[PDB]
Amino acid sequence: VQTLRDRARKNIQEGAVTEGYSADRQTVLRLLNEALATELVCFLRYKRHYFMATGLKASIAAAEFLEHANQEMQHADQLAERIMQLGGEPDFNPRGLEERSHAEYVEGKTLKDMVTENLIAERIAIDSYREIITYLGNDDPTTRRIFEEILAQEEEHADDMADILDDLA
């Protein structure tokens, strides 16, 4: 009626966040920024491994590392965009990046080191994003779908790294 229009007019500057938004906006924003930090850390680690993984066999892994690195940055972009829509600020500050994150930057010494560290990070991300998807439930479909999409990519990343690690003894 004229109430639908009045409901939309109230707090109009809140944009995507309407009166019917039933999630905890503050908490979803916290989770998005933690994921953002995790993605940025994983981007830097993978790029490091990409340049360092030289040699015939190792170059195959280096290709995966770079492919993954840029996919992590796409995840960062998806998350940063949602942070803006939900009224937050995406934190790209390198200071304290690792502490905000669920991941660590680990140089590694050998190819086995690099492959394992990426595999651990992918598995940390998988379980962490599964839990967020549960927390969101039906309160925020748009954010849930972002994590659902990122999750499937992280599961592919973990499968990719495990397939390599199995040949590395």
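All residue numbers are counted from 1 along the displayed sequence.
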{"property": "Selected stretch [higher average CA B-factor]: 6-14 or 155-163", "result": "6-14"}
{"property": "Position of residue 81 among the chain's modelled residues by C-alpha B-factor, lowest, middle or highest third", "result": "lowest"}
{"property": "Residue 150, C-alpha B-factor rank within chain (lowest, middle or highest third)", "result": "middle"}
{"property": "CA B-factor placement of residue 56, once the chain's modelled residues are sorted into thirds", "result": "highest"}
{"property": "Among modelled residues of the same chain, the CA temperature factor third for residue 45", "result": "lowest"}
{"property": "CA B-factor ranking of residue 124, expressed as a third of its chain", "result": "lowest"}
